[PDB]
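**Q** Chains as they are written, first to last, in the authors' numbering: chain D, 2 to 7, 9 to 29, 37 to 58, 64 to 68, 74 to 215; chain E, 2 to 29, 37 to 58, 63 to 72, 74 to 81, 83 to 257; chain A, 2 to 222, 227 to 251, 255 to 274; chain C, 1 to 9; chain B, 3 to 99.
C-beta atoms are modelled at their ideal positions from N, C-alpha and C, and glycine is treated no differently.
After the structure tokens below, expect a handful of questions from me.
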């Protein structure tokens, strides 16, 4: 069987880390995939034997015994975060045997941290209020809301072509009217700024 | 050249049957059908070696298949169930199963099986103008879009500035929140953001639009309700530059 | 002279969907491997007495390729049956000859790739390893299919690479058991016939390989020459008769192992 | 080292 | 194709020494063939057969052999049944040729 290592991996921007696929028995060939945002699989490499490189990535199947394959990632970028899968061709009935997967997460380098929460107004009728927690360091994580009519989304980074300090943001909104925006501090937040 | 696979999304009720097509331009002799559930590796269901069905995989006879010609292959579900909701993948190789040829994969087809077409709901898209405090403290403005009350998680959120799809400075949630995360069949909610310069937002001739593509019911499905049919449609929300 | 060939046979069974696949390999006209489908536990089995120098990785990997080839011929048998619109009752045979010969020095001299349906030739790869030679209309369909895909490049890489490289491994592992020749023993038996004539018979018992030539040179240059037949233990035998009326004649024996031609009367 | 065929007849 | 059969012994003709009789069958198609070795008309119960092989001209060839005691009073023959032939042809053994 195919054993994939590690299960999950977290890197900072520019970090060089590698994935490993170990096979109990000898294999004829190996294939590395990255899972799409939609859920499907896009092929990254196909190796018969040797070493293939395509930019930041480099996979190898140079083992004489053919019992392992690696996938090196040089200078990790946030555009590389996702689940990676390795699948070797057994050479027998049911050609591909897939690995369990590796969930990679690349944290961005916040040059100028400026945490603050902002209240946004609705364009149509102006009744629904959406609060936004943006521009925070990668260390601080966001926790879910403790209400049926109150919803909090997870963190997500932004990249602007005019080079931004990577906007880390978490959108939170409430159905119930007369709701305090500053009270959405369920998680460990840094005391920095509130407009109020 | 590549493995064509239609439709992109498939919506079906429990009991009703499901057809899944697959095609390849190359003269590949071996074709495959995988099932990939969220947070899981693709599981082989069956493979074909030039009109020869090898259904060794799938030990419970939960799937049917038909390969009329070398190019086309199908996967059929007689009676749909909540157990079938998964991303179906199609694949092909040049030689035989014992060959070491590259297995080319299709773009997949996300299928979600519903208890009843009554719970199928289209999203309510809404844009939110950037806060004046954010524009003063920073030299950038962020528009947040919210697509809520959609079912069943069959949406594609895209940003359109001045009639052109923009990607730079855009971020969309990978996982949609559940309005009732305790009970199943609950409608989902999704949020996205668009960050631009403060000067870009101040111009009242720049057209910002949040476009959500919803994949729902088809013309074949019988809709008997006073509420609007949750057909495959685009829902949008626009905002003009304010100073 | 050093060669390597892979003789594949595929004979279908009447009514049965699975036919019988036989893959036999040869190194310098000497069999070293053999695969069969009707045998209990279908695997590659060592035939040569020097084939014990292979690990379990070689016998399992070759078994995989044999099982894959078995399915390829199984489909190709049905594909060919439809080309000629043959009756779906009787049994048919599809054969293949793939390999290469090097010569004295270890270097590629000539590649080989031929196919034959029911004894008659079907399709063959040319010396250029790019174009194909077909035999009839049904064979031209296989030619355009294989030229559209570009199968000529795939077979060129095997005959130039994998076949040459693996032949060097066999030539070094069994160089003592391959270069073994024997001098042929000769004896002439006398037999009388009608009209006072005598039939002479030049015998040759015990030679390896069967590449021999027995010519009747009467005073420095009608004849009955039969084909070479093997003894069974590991050597070959051949004889030649001549109908002459009645006086001693000689028969020249040409062997690659013998520097001088061996000829002796009675 | 037997050969492996790709496109069927 | 019609098969070509030639019956001959492995060891030179000499009574008393353990000799092995051969039945060389060449130039035939299809490979399905029935080889039966005979001795004075009676079929030989134990005949060691060889596996299927074919020549460069796509024509199959096989070699049948069995244990036999040399004597100038017993007759030997090799009956071969093939689809090309109308009736199973038999080739008699000869120590002179």
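Starting from the Cα of residue 151 of chain A, find the closest Cα among A/81, A/133 and A/63 and give me that residue.
**A** The option with the nearest alpha carbon to residue 151 of chain A is A/133.
**Q** Cβ atoms of residue 185 of chain E and residue 176 of chain D: under 8 Å apart, would you say?
**A** Yes, these two residues count as a Cβ contact at 8 Å.
**Q** Going by beta-carbon coordinates alone, are residue 90 of chain D and residue 76 of chain D separated by less than 8 Å?
**A** Taking 8 Å as the Cβ cut-off, residue 90 of chain D and residue 76 of chain D qualify as a contacting pair.
**Q** Any residues in the segment 74-94 of chain B with a beta carbon nearer than 9 Å to a beta carbon of chain A? Which ones, in chain order?
**A** Per Cβ criterion, the list is empty.
**Q** For residue 126 of chain D and residue 137 of chain E, what's the separation of their Cα atoms in angstroms?
**A** Answer to the nearest angstrom: the Cα atoms are 31 Å apart.
**Q** Write down every uninterrupted run of the alpha helix (DSSP H) in the segment 129-215 of chain E whose length is 4 residues or greater and which is fully enclosed by it, in chain order.
**A** Whole alpha helix (DSSP H) segments, 4+ residues: 146-151.
**Q** What is the rounded straight-line gap between the Cα of residue 216 of chain E and the Cα of residue 149 of chain E?
**A** Looking at the two C-alpha atoms, the distance is approximately 10 Å.
**Q** Just to confirm, are residue 244 of chain A and residue 261 of chain A a CB contact at a threshold of 8 Å?
**A** Contact flag unset, no.
**Q** If you drop the 5 nearest sequence neighbours on each side, which residues of the same chain put their C-beta closer than 7 Å to that of residue 141 of chain A?
**A** Result list for residue 141 of chain A: 135, in chain order.
**Q** Residues of chain B with CB under 7 Å from residue 35 of chain A, in chain order?
**A** By Cβ distance, chain B contributes 53.
**Q** Relative to the C-alpha of residue 140 of chain D, which candidate in E/81, E/40, E/204 and E/145 has its C-alpha closest?
**A** Closest by alpha carbon: E/145.
**Q** Using a C-beta to C-beta distance shorter than 8 Å, which residues of chain E count as neighbours of residue 9 of chain C?
**A** Result: empty, since nearest Cβ-Cβ is about 11 Å, beyond 8 Å.
**Q** According to the neighbour-count rule (16 or more other Cβ atoms, all chains shown, within 10 Å of its Cβ), is residue 72 of chain E buried or exposed?
**A** The residue is exposed, with fewer than 16 neighbouring Cβ atoms inside 10 Å.
**Q** If I measure Cβ to Cβ from residue 57 of chain B and keep anything under 7 Å in the same chain, skipping five residues before and after, which residues do I get?
**A** If we look at residue 57 of chain B and ignore the five residues flanking it on each side, its Cβ neighbours are 63.
**Q** In the DSSP assignment, what are the bridge partners of residue 66 of chain B?
**A** Answer by DSSP bridge pairing, in chain order: B/25 and B/51.
**Q** Answer yes or no: the CB of residue 209 of chain E versus the heavy atoms of the ligand ZN, is any distance below 7 Å?
**A** In terms of ligand content, the structure shown is empty, and the ligand ZN therefore cannot be addressed.
**Q** Please report the straight-line C-alpha distance between residue 183 of chain A and residue 211 of chain A, rounded to a whole angstrom.
**A** Going from the Cα of residue 183 of chain A to the Cα of residue 211 of chain A covers about 11 Å.
**Q** Which chain A residues are close to residue 111 of chain D, counting only those with a beta carbon under 7 Å from its beta carbon?
**A** Per Cβ cutoff of 7 Å: 65.
**Q** How about residue 45 of chain A and residue 67 of chain A: do their beta carbons lie closer than 8 Å?
**A** Yes, the Cβ-Cβ distance between residue 45 of chain A and residue 67 of chain A is below 8 Å.
**Q** Determine the closest residue to residue 143 of chain E out of E/133, E/134, E/154 and E/85, with distance taken between C-alpha atoms.
**A** Closest option to residue 143 of chain E, Cα to Cα, is E/154.
**Q** What distance in whole Å lies between the Cβ atoms of residue 100 of chain E and residue 45 of chain E, which are believed to be in contact at a cut-off of 8 Å?
**A** About 5 Å; that satisfies the 8 Å criterion.
**Q** Given a cut-off of 8 Å, decide if residue 235 of chain A and residue 208 of chain A are closer than it, judged by their beta-carbon atoms.
**A** No, these two residues do not count as a Cβ contact at 8 Å.
**Q** Under 7 Å, CB to CB, which of the residues in the segment 41-75 of chain A have a partner in chain G?
**A** Among the protein chains of the structure shown, namely D, E, A, C and B, there is no chain G.
**Q** Is it right to say residue 248 of chain A is buried, meaning 16 or more other beta carbons lie within 10 angstroms of its own, or is it exposed?
**A** Looking at its Cβ environment, which holds fewer than 16 other Cβ atoms inside 10 Å, residue 248 of chain A is exposed.
**Q** Contact between the segment 234-254 of chain E and the segment 184-203 of chain E is defined here as three or more beta-carbon pairs at a separation below 8 Å; is this criterion met?
**A** Taking 8 Å as the limit for Cβ pairs, the verdict is that the segment 184-203 of chain E does not touch the segment 234-254 of chain E.
**Q** Determine the burial state of residue 263 of chain A: buried for a count of at least 16 other Cβ atoms within 10 Å of its Cβ, exposed for fewer.
**A** Classification of residue 263 of chain A: buried, given that the 10 Å Cβ count is 16 or more.
**Q** With DSSP as the reference, identify every bridge partner of residue 40 of chain D, one or two as the case may be.
**A** Beta-bridge pairing links residue 40 of chain D to D/55 and D/106.
**Q** Taking CB distances under 8 Å as the criterion, tell me whether residue 90 of chain A reaches chain C.
**A** No, residue 90 of chain A does not count as interfacial toward chain C.
**Q** With 7 Å as the limit, tell me which residues of the segment 147-160 of chain A have their beta carbon closer than that to any beta carbon of chain E; keep them in chain order.
**A** From the segment 147-160 of chain A, only 150 have a Cβ closer than 7 Å to chain E.
**Q** Starting from the C-beta of residue 119 of chain D, find all residues in its chain whose C-beta is less than 6 Å away, skip the five residues before and the five after it, and write them out in chain order.
**A** Only 5 meet the Cβ criterion.
**Q** Let me check understanding here. Comparing Cα to Cα, which of E/54, E/197 and E/209 lies closest to residue 182 of chain D?
**A** Of the candidates E/54, E/197 and E/209, the one whose C-alpha sits nearest the C-alpha of residue 182 of chain D is E/209.
**Q** Counting C-beta neighbours from all protein chains within 10 Å, is the total for residue 22 of chain A 16 or more, i.e. buried, or is it exposed?
**A** Residue 22 of chain A comes out buried.
**Q** Can you give me, in chain order, the residues of the segment 124-142 of chain E that have a beta carbon less than 9 Å from any beta carbon in chain D?
**A** From the segment 124-142 of chain E, only 124, 140, 141 and 142 have a Cβ closer than 9 Å to chain D.
**Q** Determine whether the Cβ of residue 28 of chain E lies closer than 8 Å to any Cβ atom of chain A.
**A** Yes, its Cβ sits closer than 8 Å to a Cβ of chain A.
**Q** Shorter than 8 Å from the beta carbon of residue 10 of chain A to some beta carbon of chain B?
**A** Residue 10 of chain A counts as touching chain B.
**Q** Report buried or exposed for residue 66 of chain B, applying the criterion of at least 16 other Cβ atoms within 10 angstroms of its Cβ.
**A** Burial call: buried.
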